[PDB]
Ligand SMILES: C=CC1=C(C)[C@@H](Cc2[nH]c(/C=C3N=C(/C=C4\NC(=O)[C@H](C)[C@H]4CC)C(C)=C\3CCC(=O)O)c(CCC(=O)O)c2C)NC1=O
Ligand SMILES: C=CC1=C(C)[C@@H](Cc2[nH]c(/C=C3N=C(/C=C4\NC(=O)[C@H](C)[C@H]4CC)C(C)=C\3CCC(=O)O)c(CCC(=O)O)c2C)NC1=O
Ligand SMILES: C=CC1=C(C)[C@@H](Cc2[nH]c(/C=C3N=C(/C=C4\NC(=O)[C@H](C)[C@H]4CC)C(C)=C\3CCC(=O)O)c(CCC(=O)O)c2C)NC1=O
Ligand SMILES: C=CC1=C(C)[C@@H](Cc2[nH]c(/C=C3N=C(/C=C4\NC(=O)[C@H](C)[C@H]4CC)C(C)=C\3CCC(=O)O)c(CCC(=O)O)c2C)NC1=O
Ligand SMILES: C=CC1=C(C)[C@@H](Cc2[nH]c(/C=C3N=C(/C=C4\NC(=O)[C@H](C)[C@H]4CC)C(C)=C\3CCC(=O)O)c(CCC(=O)O)c2C)NC1=O
Ligand SMILES: C=CC1=C(C)[C@@H](Cc2[nH]c(/C=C3N=C(/C=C4\NC(=O)[C@H](C)[C@H]4CC)C(C)=C\3CCC(=O)O)c(CCC(=O)O)c2C)NC1=O
Ligand SMILES: C=CC1=C(C)[C@@H](Cc2[nH]c(/C=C3N=C(/C=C4\NC(=O)[C@H](C)[C@H]4CC)C(C)=C\3CCC(=O)O)c(CCC(=O)O)c2C)NC1=O
Ligand SMILES: C=CC1=C(C)[C@@H](Cc2[nH]c(/C=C3N=C(/C=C4\NC(=O)[C@H](C)[C@H]4CC)C(C)=C\3CCC(=O)O)c(CCC(=O)O)c2C)NC1=O
Ligand SMILES: C=CC1=C(C)[C@@H](Cc2[nH]c(/C=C3N=C(/C=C4\NC(=O)[C@H](C)[C@H]4CC)C(C)=C\3CCC(=O)O)c(CCC(=O)O)c2C)NC1=O
Ligand SMILES: C=CC1=C(C)[C@@H](Cc2[nH]c(/C=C3N=C(/C=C4\NC(=O)[C@H](C)[C@H]4CC)C(C)=C\3CCC(=O)O)c(CCC(=O)O)c2C)NC1=O
Ligand SMILES: CCC1=C(C)/C(=C/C2=NC(=C\c3[nH]c(/C=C4\NC(=O)[C@H](C)[C@H]4CC)c(C)c3CCC(=O)O)/C(CCC(=O)O)=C2C)NC1=O
Ligand SMILES: CCC1=C(C)/C(=C/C2=NC(=C\c3[nH]c(/C=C4\NC(=O)[C@H](C)[C@H]4CC)c(C)c3CCC(=O)O)/C(CCC(=O)O)=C2C)NC1=O
Ligand SMILES: CCC1=C(C)/C(=C/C2=NC(=C\c3[nH]c(/C=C4\NC(=O)[C@H](C)[C@H]4CC)c(C)c3CCC(=O)O)/C(CCC(=O)O)=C2C)NC1=O
Ligand SMILES: CCC1=C(C)/C(=C/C2=NC(=C\c3[nH]c(/C=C4\NC(=O)[C@H](C)[C@H]4CC)c(C)c3CCC(=O)O)/C(CCC(=O)O)=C2C)NC1=O
């Protein structure tokens, strides 16, 4: 995963050099912004079941065909609505994994790479998940730079789908 | 010349990427070691005049043969000493240049790149040159973290010749 | 552009080979099915305005939200419906180009390469075009081996959207 | 428009100011021998950096105990602080030359400097030797009788202004005695 | 945000915090004559370094036994502590000018101030003499009636805020009376 | 050749619109600031003999290997040409700023001088050290902070304009690069 | 790994403008950031040499000492110093050159049908 | 040896001030900041930092510390219509530092000029500086 | 690459001397605005696919001759390569926002960009009018008062315009 630590290590064995002070400052700036990051990952984990079931309902209010179309790709079954709710469980879990390590490493490894090939093979529209993520982005209730860190990894998940 | 800003850019470009929050934190730590490195190379120019030949006399009183040997590659006569107000002033110049950029930039390409070819084919052995800036690392007159950041790129230049 | 003729040239050019009896049956078998494929291209050309507008309405009957939802990616306006009829006319034109050359050359070059960059950017769903092409597949009204050639290059386009 | 000059020197911060062509005629008319005086401040501050580098090294050249370990020109911040104390008095004596008085020299620079130097351990008779070179160096630049440099000037004498800085440099030496 | 002014102080912690342009007029509508009052602080804190130096040296040059060996303004650690001591009572009276009440000045600075000075042997008759020069400076700077530095202001009267700071300096002198 | 007034026309041509009030707001403020630019370029062309004096006698003291017998400015035709090669390239940027567009600089000289110069044998790093010695020579003159000659302008701040002649001369040096 | 995220759309355009060669295009793919985190972080230096000789040179490894003899190039001067000393070998130039995408040379015996 | 005085603390300080002034709340005062420039972005701010002082500031306080009025004069010969005087007092630093004692080796060191610091390498008057006088091929 | 600190190193290395004291207090002014630089690059790259597709959509509206058949941006290969180059300028402008100078934008992206376009035949006047949509969609994006506290950042938004007009005059 690409953290700010593991990219400072990565430029060192690029050249095969030792760890100088052109990489200690990269880890130093990570430790500054990790105190406004783990206060964000704590609050998203604590209100996770409020955010997930509120974001499934924001998709179903905007796209009411998905609750009533027959077929396997839609959440009109009992098992269609469970697969929808664990998908927004997966999109919130990779945001709090990315806030902990301080970079887009876990959602590059687990969400982003290979996403187009499974949304095309299983007929999942990528505008569903932007509406599930736009509900989270202005109703987590955070305030300040703790809000400014959650609105950079939710917005990174949107720009992959957008 | 590898500024810590410029490898946040160059390790956002070889992957073909916008500047994410990973590389935004590494330039924040460059803005955190900014003021504690900028008092170093400012005031090292303010005490630069003693440090050139006050370190040169810390070589000839270590090595009496360097004034006594018959050869072109020493400071024996009056023409070798005029190179010795130049060839160790280049070591004093680039240690100020590294504290401007907050990394090991300018001496990585101007000084250390292709240096054993200059050393072996002039017989300019660095047993003088390590002790040429070993007077600088303890008689600079600096305290605090301004001392440790000014001493950070001096002993990178020590270990590249040692 | 891969044709049967510009593929057997390429395997002849790989081996430095004059066009043997191996490559003179790959180009002969194109001539024994250029009869049936050029009547299918002539029939789909004449019934274009029946098949384009009929498939544009069969999309809107299956997916009624596309005529209702606001915003520029949908068929809820006059110019939104005109760009949807342009798109099925772009799709049906490349089916007839493949029946001329005898293979999937012109829809590889002009249609398929770079298509997923558009459908993610402009928020267009790939299942809007399966329903448009599954209309054209079983409403062109052809029969026999004339239908076998038109039904080969229609579901090549379904498999590059799926 | 010396009130515009005095408001620059009273605000106790860094602030740039400059004079156009109309107010320079108000400067040349209010201050007597302004064609002479503005030459005399320009002959010093063109070579003010060599004047502070020669004189305190001439103070080293006669008193070599200051660069001893334990001396007051050791520990190169403190050596540069003697160079920083070299350069303030040259800018202050040039404005004392320009205003025609020492009333800006006494309050902003000379008030309590003797008590400052005996509280900081500064050898004040060594600085008397350093400032007596400055009285010789300013006279040879005002009269243009420097041995190594000669600047172009208009013809005539400047011996009133050459004697006026000797009145101003003796006020510094009386203040630190 | 007046509480968030106080929340710089009351959490005992070194931060930096500001008030923007839209957030200014909420305080400016609330605090009466806030265009006068923000001028009243800015007349003081632009000369906050010069206000302590004329205050302490007038205490020295009127009471000359304080700089004696044995006096309480000898031994330059003790001199620098007294210059530090005049700064903290200047910033606390400047923050009392901003907040409009002395109730943050009374507990943070003046509480326990009386017997902590005879704990160290501070001559408090000189300290009341020291703060009275700052009482004369702050009525000169706010009314723009300083004898050497005038500043540019909007035209008007400021005699209420001249009397308020002169009330607030008297709470300092009564705390060490 | 393009004009800035012509620049909004081809902006409005492939767009196939008319001229609206929206992009018109840049050009009407360009009219009233036209005299300020007209107060700039008259002093660029009237001190041009000094700017081609210090173009070539300044770059030759920091690499004197061209006046050496065998160098690339040794003979008195190449001595004459280097005086001549620099006085055309500041004549072209005096044309380029009145239009505002750099394309008149590009099509006339900056398309292909680099391909000639390695067949004419001259080094490009010597050229950009002689390009940039006219760069700071230019930007003193537009602001009136030049030392030995101070000229007549009005009072203001043309640092938006002073970046523009610095926005030309790097692309002068990058063309040879 | 020919996914949408693992494509190199700026390296693809410089091939089509004939700015870089095939030999500079293979060098951009080993130094690509998908090739690091998927094929270089999950094996050691003695297995990664078995990848960069099977795929780049198109031959098998000779014996196990060649994996020992090559793996110090990656640990001293890096992966970017490892590919250009592998693309300047005579085995790369004498049958691929500056214009051929490499391939597995002589996988099968011509009378047979099984091979390697 | 440049700062061999990094901690030295001979203040007596018996602990009889702790019941009236705490250790964390010691010599700390609210400093008020002003970005007052008659502009839309004019901010007022307060911050609460440690207060330090030095013993020199009876007569040379921190605003007037090392601020001396410099004079820059542009004057060509007979060019009084474009000649000008300027006046400012910045935080003025001195020249670069004095060198080694030096016996007579190569050349002490120097520095001069406006753009950059230059610096050469003159032994005692003569300024050798890389001409390579040892030029002896062996034919 | 070079940033602003790498300027005066190489602007004094050929000059020879050390860093003079009158320059670096302007450079320690730049670290006061270091926190108002990094929000602002975070304002651009969070919306980095909503400035591209909202301005290519407003490009083909006013110029229908590019998406018409036989146009330059007609096919799906050449539509994807039109949205590719519209995002490439959005990277290298925001690279020049974080650094302090132009010299990575016009050395890696603008050095021959119009002469790339004269060889391919794309209308080089029309890429400038898509960039000037992206200039107005980003300068007006970087003046919001949500997410940051308020204060005058009027000095730093002229630098964001000044590289967007540098790509507007590079391509014609
Ligand atoms: C704007 C800036 C400004 C200045 C710098 C001065 C410069 C200055 N001084 C004089 C004119 C003069 N300048 C001098 C001064 C000197 N002559 C010497 O031999 C001494 C070395 C030196 C004194 C230090 C004298 C003696 C005269 C003639 C008498 C006089 O006009 O005062 C002239 C006129 C020259 C002429 O008649 O052609 C000028 C331009 N005046 C200014 O307005
Ligand atoms: C090692 C021991 C050592 C010294 C004792 C002094 C030597 C020295 N030089 C000058 C004297 C001077 N020094 C200068 C200064 C300068 N001249 C110039 O042309 C430059 C612009 C500038 C820096 C070199 C001037 C102008 C004089 C007066 C004229 C002269 O005697 O040269 C004086 C004062 C006159 C006197 O009383 O003798 C002394 C003591 N310098 C030393 O290094
Ligand atoms: C040696 C003995 C010695 C003294 C007797 C005092 C001198 C002194 N000055 C002031 C008085 C003052 N002091 C200042 C302060 C300043 N004025 C400025 O222009 C600067 C900005 C700032 C630092 C100098 C101001 C503004 C006044 C009030 C104006 C005035 O009456 O002088 C006062 C109080 C008024 C009074 O006289 O009652 C005294 C006692 N200082 C000494 O050192
Ligand atoms: C951001 C920081 C900030 C400030 C520093 C103040 C500054 C300030 N004060 C006033 C305006 C004023 N300021 C004063 C104050 C004074 N006038 C005097 O004659 C005395 C010398 C001095 C007393 C201390 C007075 C009397 C007015 C006019 C009445 C008023 O508006 O309060 C005005 C409006 C001026 C105008 O537009 O006409 C401003 C901007 N306001 C701010 O928002
Ligand atoms: C190497 C040998 C050598 C020279 C030939 C001179 C030439 C010279 N002049 C200037 C520097 C300058 N040169 C000029 C030009 C002029 N000033 C005027 O007012 C006149 C009208 C005009 C014709 C002489 C200007 C305006 C400056 C900037 C300094 C200033 O005046 O502010 C510079 C510094 C520019 C740089 O390198 O970055 C140099 C090298 N000085 C030298 O060291
Ligand atoms: C648009 C403007 C413009 C020009 C620059 C010239 C371009 C140009 N320059 C030179 C020619 C030259 N130009 C230079 C000048 C220089 N070489 C150096 O080493 C220095 C870096 C630099 C001085 C600053 C020299 C020295 C010659 C050589 C003349 C010769 O070879 O005889 C020639 C050859 C002339 C001939 O063969 O007759 C031409 C066409 N023409 C133009 O219309
Ligand atoms: C016949 C020849 C001819 C000219 C020389 C110009 C003359 C000229 N200059 C300006 C006017 C001006 N010129 C400047 C320019 C500057 N001021 C500075 O402080 C900088 C040093 C410099 C460049 C940045 C400024 C600031 C103004 C005033 C603003 C304005 O009205 O334009 C004006 C308008 C006001 C006036 O009438 O004076 C005119 C006509 N036009 C002409 O037709
Ligand atoms: C929170 C608010 C706050 C303050 C108000 C000051 C109060 C204060 N002052 C001093 C300490 C001191 N204060 C003075 C000041 C003076 N003595 C004189 O003779 C003059 C009259 C006057 C200066 C003008 C001196 C000289 C000392 C040091 C005494 C010593 O160390 O011997 C101490 C030291 C004891 C300790 O640290 O516990 C404290 C708390 N400091 C604070 O933290
Ligand atoms: C506005 C008034 C004003 C001045 C007059 C100068 C003077 C000055 N110099 C120093 C400070 C100093 N001044 C010197 C200077 C010297 N010591 C020597 O042995 C030489 C004789 C002489 C140089 C030629 C030294 C060595 C220090 C260092 C002491 C220190 O840093 O603590 C200090 C600080 C002392 C303190 O903190 O209290 C001041 C105010 N600066 C000013 O702001
Ligand atoms: C890793 C990413 C990263 C960032 C992007 C910045 C984000 C950031 N900005 C501010 C803080 C601020 N940020 C702004 C900025 C703005 N206000 C505006 O009107 C403009 C739209 C915008 C500039 C682009 C202002 C005005 C402040 C408060 C003033 C100040 O910084 O002191 C703060 C609080 C700390 C501080 O005050 O400096 C932080 C963390 N820092 C980071 O670590
Ligand atoms: C952690 C990274 C990760 C992602 C992103 C992921 C997506 C993912 N979503 C899937 C299915 C699905 N996703 C949905 C979701 C929805 N349908 C709706 O109607 C709603 C509008 C919407 C969201 C609420 C449905 C109904 C299926 C089942 C479709 C099928 O099986 O054909 C499947 C098929 C297998 C399955 O889970 O049954 C994958 C692989 N899997 C992953 O491991
Ligand atoms: C990239 C920066 C840089 C490096 C690393 C460098 C090394 C270097 N040192 C040199 C010479 C020299 N350097 C010295 C200095 C010394 N020799 C001693 O024995 C003394 C102990 C010591 C004095 C402190 C001397 C005496 C020569 C002359 C040798 C000769 O020319 O024969 C030379 C020959 C050219 C010259 O005369 O300068 C080079 C290239 N030069 C550079 O520009
Ligand atoms: C020949 C290969 C080729 C393809 C496939 C192609 C697709 C293509 N379809 C587009 C738009 C569009 N396509 C649609 C089509 C639809 N939306 C609906 O609601 C309907 C369900 C559906 C029609 C079946 C709409 C509404 C737009 C406009 C999107 C916008 O303006 O933002 C656009 C954006 C430009 C435009 O036409 O205005 C492209 C490039 N272009 C090509 O060159
Ligand atoms: C490293 C950064 C980088 C730059 C600067 C770059 C420019 C660049 N643009 C290109 C093509 C192109 N660029 C465009 C774009 C446009 N034409 C129009 O008419 C519109 C106005 C505009 C889109 C909005 C088009 C249509 C092509 C042709 C694609 C092809 O012929 O395959 C090509 C030919 C290769 C290709 O992409 O197909 C290059 C090299 N490529 C890069 O990789």
* **Selection status of residue B:152, surrounded by 15 or more Cβ atoms within 10 Å (Cβ to Cβ) and not in a helix (DSSP H, G or I)** => yes
* Structure fact -> From the option list B:71, B:114, single residue qualifying as within 10 Å of chain H (Cβ to nearest Cβ), surrounded by fewer than 16 Cβ atoms within 10 Å (Cβ to Cβ) and more than 17 Å from residue I:18 (Cβ to Cβ) is B:71
* **Residue that is surrounded by the most Cβ atoms within 10 Å (Cβ to Cβ), among those in segment G:41-85 that are under 21 Å from residue G:100 (Cα atoms) and within 11 Å of chain A (Cβ to nearest Cβ)** => G:82
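Which residues, counting only those in segment H:96-123, are surrounded by 17 or more Cβ atoms within 10 Å (Cβ to Cβ), facing another protein chain (nearest Cβ under 7 Å) and closer than 18 Å to residue I:15 by Cβ?
Looking only at segment H:96-123, we keep the residues that are surrounded by 17 or more Cβ atoms within 10 Å (Cβ to Cβ), and these are H:96-100, H:102, H:105-111, H:116-117, H:119-121, H:123.
Then drop every residue that is not facing another protein chain (nearest Cβ under 7 Å), which leaves H:96-100, H:102, H:105-109, H:111, H:116-117, H:119, H:121, H:123.
Of everything in segment H:96-123, those that are surrounded by 17 or more Cβ atoms within 10 Å (Cβ to Cβ), facing another protein chain (nearest Cβ under 7 Å) and closer than 18 Å to residue I:15 by Cβ turn out to be H:96, H:109, H:111, H:116, H:117, H:119, H:121.
A quick yes/no check of all residues on (1) more than 8 Å from every other protein chain (Cβ to nearest Cβ); (2) within 15 Å of the chain's Cα centre (by Cα):
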| position | (1), (2) |
| --- | --- |
| D:12 | no, no |
| D:20 | no, no |
| D:31 | yes, no |
| D:48 | yes, yes |
| D:76 | no, no |
| D:79 | no, no |
| D:93 | yes, yes |
| D:98 | no, yes |
* Residue, farthest from residue D:121 (Cα to Cα), within segment D:50-59, restricted to residues that are buried (at least 18 other Cβ atoms within 10 Å of the Cβ) and more than 7 Å from every other protein chain (Cβ to nearest Cβ) -> D:51
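Kindly indicate whether any position in segment H:47-55 is within 30 Å of residue E:133 (Cβ to Cβ), over 22 Å from the mean Cα position of the chain (by Cα), within 16 Å of ligand 10 (Cβ to nearest atom) and more than 7 Å from every other protein chain (Cβ to nearest Cβ).
Just the residues of segment H:47-55 that are within 30 Å of residue E:133 (Cβ to Cβ), to begin with: H:47-55.
After this cut, where a residue has to be over 22 Å from the mean Cα position of the chain (by Cα) as well, the list is H:47-50.
Adding the requirement that they be within 16 Å of ligand 10 (Cβ to nearest atom) leaves H:47-49.
With the extra rule that they be more than 7 Å from every other protein chain (Cβ to nearest Cβ), the set shrinks to none.
Within segment H:47-55, not a single residue is within 30 Å of residue E:133 (Cβ to Cβ), over 22 Å from the mean Cα position of the chain (by Cα), within 16 Å of ligand 10 (Cβ to nearest atom) and more than 7 Å from every other protein chain (Cβ to nearest Cβ).
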* Can you give me the ranges of the helices (runs of 4 or more DSSP H) entirely in segment F:104-161 with at least 3 residues that are more than 16 Å from ligand 2 (Cβ to nearest atom), in contact (Cβ under 8 Å) with a residue 60 or more places away in the chain and surrounded by 15 or more Cβ atoms within 10 Å (Cβ to Cβ)? => F:124-131, F:135-143
* With the condition kept exactly as written, say whether any residue in segment A:123-131 is within 23 Å of residue I:147 (Cα to Cα) and surrounded by fewer than 20 Cβ atoms within 10 Å (Cβ to Cβ). => yes
* Go over the candidates G:41, G:18 one by one and state the one that is outside any helix (DSSP H, G or I) and within 16 Å of ligand 14 (Cβ to nearest atom). => G:18
* Structure fact -> Checked segment H:68-79 for anything within 23 Å of the chain's Cα centre (by Cα) and more than 7 Å from every other protein chain (Cβ to nearest Cβ); matches are H:72
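Does residue D:40 count as surrounded by 13 or more Cβ atoms within 10 Å (Cβ to Cβ), under 25 Å from residue H:81 (Cα atoms), more than 16 Å from ligand 14 (Cβ to nearest atom) and touching a residue at least 12 places away in the same chain (Cβ under 8 Å)? It would help to see each step written out before you state the result.
Numbers: surrounded by 13 or more Cβ atoms within 10 Å (Cβ to Cβ): yes; under 25 Å from residue H:81 (Cα atoms): yes; more than 16 Å from ligand 14 (Cβ to nearest atom): yes; touching a residue at least 12 places away in the same chain (Cβ under 8 Å): yes.
For residue D:40, the condition - surrounded by 13 or more Cβ atoms within 10 Å (Cβ to Cβ), under 25 Å from residue H:81 (Cα atoms), more than 16 Å from ligand 14 (Cβ to nearest atom) and touching a residue at least 12 places away in the same chain (Cβ under 8 Å) - is met.
Quick check, is residue D:16 within 16 Å of ligand 5 (Cβ to nearest atom) and surrounded by fewer than 19 Cβ atoms within 10 Å (Cβ to Cβ)? Reasoning before the result, please.
Numbers: within 16 Å of ligand 5 (Cβ to nearest atom): yes; surrounded by fewer than 19 Cβ atoms within 10 Å (Cβ to Cβ): yes.
Yes; evaluated as a whole, the condition is true for this residue.
Of all residues in segment B:9-44 being assigned to a loop (DSSP other than H, G, I, E, B) and within 7 Å of chain A (Cβ to nearest Cβ), which is surrounded by the fewest Cβ atoms within 10 Å (Cβ to Cβ)?
Step one: of segment B:9-44, the residues assigned to a loop (DSSP other than H, G, I, E, B) are B:11-20, B:31-34.
Applying the additional criterion that residues be within 7 Å of chain A (Cβ to nearest Cβ) yields B:11, B:20, B:32-33.
Details: B:11: 20, B:20: 21, B:32: 17, B:33: 21.
Looking at residues that are assigned to a loop (DSSP other than H, G, I, E, B) and within 7 Å of chain A (Cβ to nearest Cβ), I get B:32.
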* To do: Could you identify the single residue in A:102, A:80, A:89 that is surrounded by 13 or more Cβ atoms within 10 Å (Cβ to Cβ), within 14 Å of chain B (Cβ to nearest Cβ) and more than 16 Å from ligand 12 (Cβ to nearest atom)?
  => A:102
* Flag for residue I:56 being over 15 Å from the mean Cα position of the chain (by Cα) and either more than 30 Å from residue F:163 (Cβ to Cβ) or buried (at least 17 other Cβ atoms within 10 Å of the Cβ) (or both) -> yes
* **Positions within segment A:120-136 being at the interface with another protein chain (Cβ under 10 Å from one of its Cβ atoms) and touching a helix residue (DSSP H, G or I) at 6+ places or on another chain (Cβ under 6 Å), in sequence order** => A:126, A:130
* To do: Hey, could you check segment I:59-84 for residues that are within 19 Å of residue I:167 (Cα to Cα) and buried (at least 18 other Cβ atoms within 10 Å of the Cβ) and say which is farthest from ligand 13 (Cβ to nearest atom)?
  => I:81
* **Residue match in segment B:7-17 (condition: in contact with a helix residue (DSSP H, G or I) (Cβ under 6 Å, 6 or more places away or on another chain), within 16 Å of ligand 9 (Cβ to nearest atom) and closer than 29 Å to residue I:15 by Cα)** => no
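If you go through segment H:3-14 one residue at a time, do you hit one that is away from ligand 11 (no atom under 16 Å from the Cβ), touching a helix residue (DSSP H, G or I) at 6+ places or on another chain (Cβ under 8 Å) and under 24 Å from residue E:93 (Cβ atoms)?
no
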* Structure fact -> The lone condition residue B:110 fails out of (1) farther than 30 Å from residue B:10 by Cα; (2) near ligand 12 (Cβ under 9 Å from one of its atoms) is (1)
* Structure fact -> Going through (1) farther than 12 Å from residue H:98 by Cβ; (2) touching a helix residue (DSSP H, G or I) at 6+ places or on another chain (Cβ under 7 Å); (3) surrounded by fewer than 20 Cβ atoms within 10 Å (Cβ to Cβ) one by one, residue D:93 fails only at (3)
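As a convention, Cβ positions derive from the backbone with ideal geometry for all residues, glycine included, and neighbour counts pool all protein chains shown. None of the figures in this text is laboratory data; all of them are computed from the coordinates on show.
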